[PDB]
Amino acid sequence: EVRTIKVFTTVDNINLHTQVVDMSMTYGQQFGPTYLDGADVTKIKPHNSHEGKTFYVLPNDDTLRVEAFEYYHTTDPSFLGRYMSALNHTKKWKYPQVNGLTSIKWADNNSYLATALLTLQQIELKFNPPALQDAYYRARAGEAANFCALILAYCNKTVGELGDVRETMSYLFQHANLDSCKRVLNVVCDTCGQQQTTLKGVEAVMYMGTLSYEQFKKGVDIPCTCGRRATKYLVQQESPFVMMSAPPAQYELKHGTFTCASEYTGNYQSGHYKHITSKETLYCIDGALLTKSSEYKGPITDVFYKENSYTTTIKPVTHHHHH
């Protein structure tokens, strides 16, 4: 005798697909890789209690391939498996409210994700994939498991794997609407003259080499191809924030001069991230932990600043000689 139950399959947890499954065959024999709220049930046969429940599957048919792309903006074949695998862990993490923001209690080497999530709640950023829009809204309300699992999937990081905050933000920004962001730079060499460049989108809001926005406006020394040290400085900026990054180094964060920052203690193989936010005082959020101070000095790697529109008032030759 053939026994069956009705279940629903999905790739986006919105659009459902009715299935009649044979209770003598595993989900994998019938759907391929199958997950129940992150749990891998591929090798499990249907239970009575599964009737009417929704299972994630991989995009096997054309219908599912379109739904998955429209929701996630990826066609990487393993994406849904990686998201589900991560979700099985992140649904067990805790997301405490710390100083009015959703943080993450430490687990599974997740300090880089905690400071990324805290940072997002302090900068103006809109995501493009519906999956991130929906999950980020939930994360702001305090239910951040799906958002964290999506970050891991989009960044191709597994739970427990070491992550870099700058790289994680770069991926998040790649999936955000930054088309209104513009940056104009000028590079001045005594030998080679002046070279202006215009950057757009993610490249307009990220810079690697100095933590100081003020120093970037004054001028930073970089190598020129001729071998001399040229001066690079910010000509014009149109964006709601900027992110300045550098290899970790002792750095003083002054209250009221920045939005938030990330601190990395450790080395290239093992470390830990903390988050610093400048509000009525300086708050240091370390997952679930919170401390305060009037001054802060530590190995800072990333600093975020507010912006709207900036235009330099100084001529190039003045930046080259006075930075």
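Residue numbers here begin at 1 and follow the sequence given.
Of the two segments examined, 78-86 and 216-224, it is 216-224 that shows the higher average Cα temperature factor in the deposited entry.
Two stretches are in play, 148-156 and 196-204, and the higher mean C-alpha B-factor belongs to 196-204. Looking at 277, 293, 34, 54, the one whose CA carries the top B-factor in the deposited record is 293. Sort the chain's modelled residues by C-alpha temperature factor and residue 29 lands in the highest third, per the entry. Remark: residue 100 belongs to the highest third of its chain, ranked by C-alpha B-factor as recorded. Residue 312 sits in the highest third of its chain by CA B factor, as recorded in the PDB entry. Looking at the C-alpha B-factors along this chain, the one for residue 232 belongs to the highest third. When the CA B factors of the chain's modelled residues are split into thirds, the value for residue 11 lands in the middle one.
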